[PDB]
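First, one chain by itself in structure tokens, the form deposited in one PDB entry.
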């Protein structure tokens, strides 16, 4: 499919991240993420050997929590996510990370009505990604076929 971080170390990937940018071919998805003030993501190991990715965002007076189970897909750093509301499964890959500052993720539909869906995600360890990491994300999005108009930095969904 796409590249996975070589020698991936899942335990170094755990803990607190911030969703700092995204690109997708779904316009409603980009627009809604951009509109949301999101708070942390937290990555913790799941019982199946994969990860629970728990994201938080603000709506009105409250911080909502959402947890996605990323099941192991058979190479370290690659997962599968099943979305019952969308009747679809997606591949999720950690394409590149240095563990201590940033991670570049790529997701694509694999089965179901969501098969055509594609999304790149920037995770940062801080809420203020440096310029060089924003430029790395833009260049990673372009390597995946995303046009500039499809690339969103999350000001404080971040």
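Only residues modelled in both forms are compared. Just so we're on the same page, rigid core means the largest C-alpha set that superposes within 1.5 Å between forms. Positions refer to the first chain, counted from 1.
The same protein also exists as the form deposited in another entry; that form is not shown, yet it is the one meant from here on.
S.K.: Among 48, 31, 100, 115, whose C-alpha is off by 2 Å or more between the shown form and the other one on a rigid-core fit?
M.R.: Result of the comparison: 31.
S.K.: Do residue 38 and residue 130 move together or apart in that other deposited form, judged by C-alpha distance changing 3 Å or more?
M.R.: Relative to this form, closer in that other deposited form.
S.K.: Once you account for a change of 3 Å or more, let me know if residue 34 and residue 69 sit closer or farther in that other deposited form, using their C-alpha atoms.
M.R.: Here the pair is closer than in that other deposited form; there, farther apart.
S.K.: Listed by sequence position, which runs of three or more consecutive residues have C-alpha shifts of 2 Å or more between the shown form and the other one, the rigid core held fixed?
M.R.: Shifted runs of three or more residues, which all move 2 Å or more: 29 to 34, 36 to 39.
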